[PDB]
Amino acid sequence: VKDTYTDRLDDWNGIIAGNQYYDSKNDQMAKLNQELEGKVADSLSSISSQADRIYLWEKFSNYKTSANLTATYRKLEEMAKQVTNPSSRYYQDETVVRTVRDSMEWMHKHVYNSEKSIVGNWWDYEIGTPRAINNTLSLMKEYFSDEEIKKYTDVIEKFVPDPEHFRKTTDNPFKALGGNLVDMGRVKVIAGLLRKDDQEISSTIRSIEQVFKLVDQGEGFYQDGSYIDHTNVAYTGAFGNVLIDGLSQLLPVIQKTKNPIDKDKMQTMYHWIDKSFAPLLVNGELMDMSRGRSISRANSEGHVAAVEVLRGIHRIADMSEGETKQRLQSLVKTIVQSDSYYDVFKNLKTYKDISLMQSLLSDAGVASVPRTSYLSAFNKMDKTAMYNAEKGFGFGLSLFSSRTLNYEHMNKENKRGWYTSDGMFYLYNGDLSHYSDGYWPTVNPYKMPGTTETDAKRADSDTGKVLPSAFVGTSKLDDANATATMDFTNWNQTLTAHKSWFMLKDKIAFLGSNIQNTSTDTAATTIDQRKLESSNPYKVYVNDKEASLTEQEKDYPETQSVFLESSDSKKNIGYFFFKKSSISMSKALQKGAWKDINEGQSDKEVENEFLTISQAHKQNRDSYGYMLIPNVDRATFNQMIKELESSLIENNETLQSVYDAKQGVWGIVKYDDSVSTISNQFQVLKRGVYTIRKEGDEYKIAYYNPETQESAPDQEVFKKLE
């Protein structure tokens, strides 16, 4: 019955597949078509055609493993896409049409139906599979009767009858929010359209509207740009992705139903884009510190994941108007064009998405200007993102506190992310591939960059924890200067350290004090563990003298500096130790498999060479202090360290501060309320984090109390001398 429901489904088909936009003469589209042709060909030649078959596909035969249901139905969706693509060799193919119909019936009779109960993961039963079934039926609605459609979607209503909750049939349902809430729309709104059920459509859309509300606690988007999911996990880059990616797909359809969403309600999406997503995108890469356990997926490295966000933004731009549309187009354009490592089209999986991107890139009317400098203090999720446009580098600071979980290990994914939030830092430079090409399965998980840890063995079976202290946070002064601290205690309460960071425009100072260890394990801070490029080798200098690193760790006592020299200055990394320090370095090939950190991944061996720099802490009360200076050549680095000779103001158990004389900026962390006199110019009076700038006789102050998550009146925390 061709009606308004089918009309909406046609629009949905144009969004999830886009066959109406296909053009064989379009190289990028032809590439995706060829991929789908191959997938269908593989599925058709391996499917079971035997009577009394115990499965459709032998590699997805054990139906007690929920993942096999979703994978099976997704193969049918691929078939539906091609059978309805005039340019496919499978267009209106009678064998494929019958294969999809027969397969749906077979699964319905022996594997997935209303009489079944969740076996394995609820996600496959309520989201993964229902979405694959909805899309298959939507694409091939001209081959199924309304009665068959309702028949094959009854199971969806059994497992997901309530648009406000998931796991309804289990003994522990949960309130649907964020990404999950968006998926609820792709499940019940589409099923509602297929079943011509107005009540399901309306109630689901109404439920979906909750997603536009910013929160001040719990899961969701925060005013400061943070995004929390799974109770207390920083998750903008994975569940946030699903949210914007899926919602941007749904909106065009929803807005054409009898229950469109108010325009002022959808206004918050622009806040997510500018405040939440944009800062986490550097040279086409979505910062891993925001991706949770997804970092352990080989097919979802940083640049790939970024496309999920970018395509979502582009769709939103397409449904926007005027300046709003123009600026969003420019944002997507400059990000994509800044990415010289990853081909955006590799993750644009529908013809409309491919088409939109091509028009954007070729439209001279859409400005593509390098993004300006910025610094986002995502205090509500304990992460900080910094980007310097003049020099061209990004910096990510990954922390956690009593308010957030350090790392997520679940569904057998991210088994070794133990220290990824223990004050771990990321540097985004000229090597756009650094955190890609197998970084995650080859990086030594015991030496994450920036972290202070003991060398005790850790179990893959462990799960995340919150930090005992709430004294973790960032005080931002402007787009280039901020200060952060973390009152760190390790996983088993055997080591402590007051770790602080001083972001000073074109460099970051790392200070650590009060380092104590009550265990028999050795303690050390990993200054860096950088993945190398065989094509661009580094020439290493210690105290400005070339050094030859080996697989075997070499000690360098009385080190004032270390410089990693590339042929490309935008890949250079220098480390200046305020006080001569005893460090050790090594360059070695590290091997591993994605399966080591994610059970469902390939056991194929991967290898990468890493340069590791560490500083041992053999005594209680130890400390570390150094300045990370990227993107400058050797002579310039040498000149800068002389300018910074006296930049360290203090680094003890109650006070840590660094001064940038060139900028007239101070970064300060106070652990108590004593009166601290700084540079004989002013005094800071309260426990907390400060970033201060002197402009003549004037003083600009940025104070933050991380525990109460509040700033304070200037006179309460600052006092100029005389």
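Residue numbers here begin at 1 and follow the sequence given.
Note on 104-112 vs 437-445: mean CA B-factor is higher in 104-112.
Just going by the entry, 500-508 versus 538-546 on mean CA temperature factor gives the higher value to 538-546.
The entry lists C-alpha B-factors for 194, 366, 295, 377, and the highest of these is at 194. If you compare the C-alpha temperature factors of 527, 201, 286, 344 in the entry, 201 comes out highest. In the PDB entry, residue 388 places in the lowest third of its chain by CA B-factor. Among the modelled residues of its chain, residue 92 has a C-alpha B-factor that falls in the highest third, as given in the PDB entry. Sort the modelled residues of the chain by CA B factor and residue 557 lands in the highest third. Residue 161: CA B factor in the highest third of modelled residues in this chain (values from the PDB entry). Among the modelled residues of its chain, residue 664 has a C-alpha B-factor that falls in the middle third according to the deposited record.
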